[PDB]
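The form deposited in one PDB entry is given below as one chain in structure tokens.
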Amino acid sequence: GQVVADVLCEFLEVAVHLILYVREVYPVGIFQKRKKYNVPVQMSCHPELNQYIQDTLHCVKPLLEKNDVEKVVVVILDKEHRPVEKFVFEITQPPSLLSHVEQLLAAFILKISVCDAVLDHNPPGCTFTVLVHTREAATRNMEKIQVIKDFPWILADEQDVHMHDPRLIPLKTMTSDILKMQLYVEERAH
């Protein structure tokens, strides 16, 4: 079939690993420097954490091939399970020698680093989760994402998603015949 869904998941894995490093969701001791898209990134070497990120994106992949993803959101939650930050990846797919996709995806990875300079430091003890905004309403077909048997998905509710008048931090916008994608941050006032 077509493959831009394959490169988006590996990109999202790299982006999630980097966000956990830049926003300091996990200690530096579990991160190691790797190269992806010819840029240095900090990848997690924690096995259980890696299996969670991979199991999450292994279910997102079939939805990308079907063109059923508006947004993939990484949500940082404080110790009271309240969203303090949201990294929103708005995704649009318009109708193989394509390192152009990688050089375009590499620019999104390069932008994530600036979050250390423009965002205020998160409270200690934060956790994270991933929100997937399907194009077709998720309530219509809940089984489409249940591709891994021991990794079930549920509908989020407003406590996991809602932030009261959050500050919007635009990071990067890209439009192309290949890929259209925006990355921005919804930050709590605090």
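For the two forms, the rigid core is made up of the largest set of C-alpha atoms that agree within 1.5 Å on superposition. The first residue of the sequence shown is number 1, and the count goes up from there.
FYI, the form deposited in another entry isn't displayed, but the following is about it.
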Exercise. Give the option from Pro124, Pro62, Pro152, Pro40 whose C-alpha shifts by 2 Å or more between the shown form and the other one; the alignment is on the rigid core.
Key: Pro124
Self-check item: in the other form, whether the C-alpha atoms of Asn122 and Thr129 sit closer or farther than here (change of 3 Å or more)
Solution: farther
Quiz item: So the C-alpha spacing of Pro47 and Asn122 changes by 3 Å or more in the other form; is that change toward closer or farther than shown?
Solution: farther
